[PDB]
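A, B, C, D and E are the chain letters, set down in written order, and residue numbers restart from 1 in every chain.
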């Protein structure tokens, strides 16, 4: 397991916002919209997320940028769908 | 954009008086009948207290008459009896009403201590009630005739005044009268008139009252309540499922008393309607109005009239006010407690094999606890066709599921809690380890924090369901993440007893044994030498060791040498990781040193190494303690060979003094003191005999004839190491035990001359008994007192949380060593450690900045400080923080379970209160009451007085109970003249000058004075130093920080002096004031700024001040709080903790800070 | 004074009223007779009060009502 | 001095104050005061030290 | 003793053992303060909402627990919701402002 979180608290400061970010990420994995950024040892989404924090590939900034990209990915698809909704006129 | 209409997620809450029409808004029908159910078919009788038509269907999606039974028909109101078919849950929701015939007073507003209707109308209570009972007539809108508007007449007087004054004079009686008064009342006119009246007459008596009243009136206008509202036209009825009739076994029924009450109200009201339509005499209808008023009053709040008793049962029926109040408090049901799913408990056991990050969890318990998880997983993999089948599998306890439970358990921590939760460490999170048996296994090192012995204490487990709770449990509540007390940076994971006897027995040296004086390549072959029996565990030996030092820049230096040590120390060194010096293990390793080892290890190598180190220390401690073969025999307790002789001589003294008393040479009292003194000395003699004998009397041979060292005697090693026992108890075991006292407290002059090792006799034991019982009773009481203190404390602080980061002020308090009278009762180091420097400090020489302004002083910075001679450091305190509505992390301190600076959003007030309160049982004027007195700011019984102002003073007038002191300052006016009672012996020199805050007499002083005549830093210093005196005298470690936050809450309020915005003498928030005058100094009036004066409010008083009424209604008197808030139409915005706990939403501290802040800013914004 | 407990504020309030003399009961009763009979006679002197009763009986024998809902008996 | 603080004068004057002490609020009666007082510590029914 | 989801009390919906199926551990004020000193908001919310007092929350949660989704859609605890009716039963109008 992950016995101490201290390195994770090292990367992002607050020690609370860590729990929050890790929660968000662990949810990205748990309800499966996504997959791990680090080898799954049978560590649950909790610890996988934490490991992802330690290795500095996951924090609030990164997740925000990713989500903001995905919004536009869906805009790209529905681009032809919702413009055909010109029936608003 | 339409904001929204239907349910969004709300914020704040509002409370006010309720309209006849607004009361009708909630009502879905008028209950016209006292009847409940039919008596055979138990269906609700329409229309009554229990009704399907007014309230709802009896069963889900089913009409009462039975016509429409289908879930398809929903919004249909049945033609037969209109009942919309909808879930039966709504019968727990929908309200109703009753239209009262005559107006009725709302007893909450009549009997509230400052009677609301009364002081609104500026009418006395007795007059109002008098009128309410039809015992007198009261004028309304008297016009110009003979009579005052509020004046009260009698029968004869009313008739006379009527015969004279026709119209243009008006009087009524009863509730209708009071309602007429309230309705006729014009607040605005009163406002104008009162402002003028205020202005004209100069007398304190007049204008104080005047101003209070006008402010009250404008407050009630601002509302929105209007006066008639205090009088009830319409009476709402509580939804029936909230006062249920539900059946029982034996066909029996049980129901709430609210049905009895409501029934009474309805019956009397209907009867009044009847008596009106029958044209009954006044005497009757009046009695019916009185009875109805009594009924309504009994229903709302029972006990402010006659205390009606429930049917056939003597016990007074509980009313709506009592429904709200609850009891055993002060407890509002979020407060006292709430039952919780996914949880359990059992007896606990040891489990030393555990890493400190885990705990043994019984198989069955873990099965029942994780049940839904197990179901979902089982069918996730496909071992179970469906959830139903998954239950049947786990119910079969099929062989497969244990392997699944192994999965659901792995990364998924559980919360362990013990009964007396004091500080936050009372709950800790561990990793479940599946265990055969019904008992929970709790790591030994944690036994300290829980205060949990193994004598049958029980612990409770809770499962953190949601993901956020799992991560909160792992990153916050986790065992390994709190290794340090929040009260002080000292390790709470310190090894307890068996282990310390182990490391002590390992590292100690005898004078001689196998392997003495040989040489070995290293610890490896030292252990290898010992295990094979060649070399004794403890023998003086030189061995080559390699220590490390990280003293390069973030880099470990290696060095090796020949150390003169023992085989034991050598073996133990294998456990010490990396950078620690060999010096740490080369001592005797007592419970104290064994702790400083861990602490140093933490502050050097970090968390992880400290954790694994601690684990290893426990393991080796137990193992070697077992090897040691330590035991306790009857001969292990050695009675001094000189005891009998000491007893004899001391016994001769008593007979000397006795002969002197017989000869009259000495009086009775002085004699008593003498004999008591001689025996008291004898006790010390025997104690300091047995301690020498017990301690050093191993006399053993090395090479030459003899040498003598400290004893290997078991009980001694126990008491010495810190394992258990102490010189007092050992003294009671070998030497004579004490002197006892009768229940009086008069100390018996014949001490117990025998100890426990020898047998006590009948008398000695009987006399010991009182001391015993007083001990048990006292401690059992001090538990309660401690609890009360913690409660007062968290009530006073709570919502104070770290809010901002750096308020950026140079302000702080001047930190010196306490230096009391002897040497150094506490060092400067401990006082300044983990704190932040207010400003850059000098070397003895200057323009030399060693520590630059605000830098958390960590252990290294502190040691640099100690290298230089630095005697003083100004330190930022929570009391001086410029930040409003909280504390900035930069000003708080570093302290936490972690060594790093405090995080944004942690709630420090709570942990401060908890930290002050946890040791509170340990404390023995003095003592715990002293602490309570300090925090309550209570003026002592026989206080001193401080000079009101500097300058030369002198005595004037005479002997009127006070002989006046006339102060004479140099430049200023004289006029300060204080009256000091002359029958107290003074101090101040009649011919000398005295600075403000000097001693004009002796005796303790009230901290109010210390604040006023000395100042804020002076008073905070006084409090902190006094309470710290109380604790430190008991050997309790509490950092100044917590007491300082408590102090900050104490002085929260301040009373205004000057003007330009608000009223003259108002006690008000400094945060408010300072914000307003800082805002006022620029803009506004160029500067109108208002002066204030700091106020010291005791904790129990400061807790009283709260903006949130939901919070106040919790720990205060609920009945009064709800009224007092309702009149002002007070709108609670939540904000604080207690209210958010009550309403069941996220705590605005913690993980919640992100949310609430994010929302708080979204609010009052775009 | 008043101890509240409305049993008292009642008991004391009625306790003022004096017990009737035997003859006084007849005084009151006679007063009742006078009083009622006045409204009975005033009803008798109203033409519409007659015609209405007529039309109502005309409704009774026409089977639009019953004899119990008009008269509670005459004398007889 | 106790007497100097005594509002009463004769036996019945005291019995009134005692009865109005025990069951206050309601009009005193002679037979009532005597009955109550004799019933308190002096009745074989309502009082026993054993 | 141990319990996951048992019987519930009628008057206020709260965990109640009736079956020798046990009512869960009582989580008191001090135990709440313990959670308050730690930064754990969610542990506490779920402690006094979904795990106990929320009649919707408990079941809506349970389904997520079995679905393999750890979340909570808490809503309002039934105790406070009752207290609103009890307060409003008097001449007191207690509302929920704004949005």
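One rule holds in what follows: contacts are C-beta pairs under 8 Å (C-beta built on N, C-alpha and C of every residue); 3 or more make two chains touch, one makes a residue touch a chain.
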| item | value |
| --- | --- |
| Co-neighbours of subunit E and subunit A - touch as defined | B |
| Number of hops, subunit A to subunit D, where each hop joins two touching chains | 3 |
| Chain centre separation in whole Å, for subunit E relative to subunit B (CA means) | 23 |
| Distance from the mean Cα position of subunit C to that of subunit B, given in whole angstrom | 72 |
| Separation of subunit D from subunit E, taking each centre as the mean of its C-alpha atoms, in whole Å | 59 |
| Separation of mean Cα positions, subunit E and subunit C [Å, integer] | 63 |
| Residue numbers of subunit B (touch at least two other chains) | 467-468, 470, 472, 476, 903, 905-906, 1150-1151, 1153 |
| Set of subunit A residues in contact with two or more other chains | 15-16, 19, 27, 30 |
| Per-residue overlap in subunit E, given as positions that touch at least 2 other chains | 39, 68, 70-71 |
| Pairs of chains satisfying the touch condition | A-B, A-E, B-C, B-E, C-D |
| Subunit D - residues contacting subunit C, complex | 24-26 |
| Contact footprint of subunit D on subunit C as seen in their complex | 3, 5, 8 |
| Interfacial residue positions of subunit B with respect to subunit C in the complex | 129-130, 133-135, 283, 286-287, 290-291, 294, 305-306 |
| Residues of subunit A that touch subunit B when the two form their complex | 1-6, 8-9, 13-20, 22-23, 26-27, 30, 42-47, 49-50 |
| Residue numbers on subunit E that touch subunit B, as the complex places them | 1-6, 9-12, 14-16, 22-54, 58, 61-62, 65-68, 70-72, 74, 76-77, 79-80, 82-83, 85-99 |
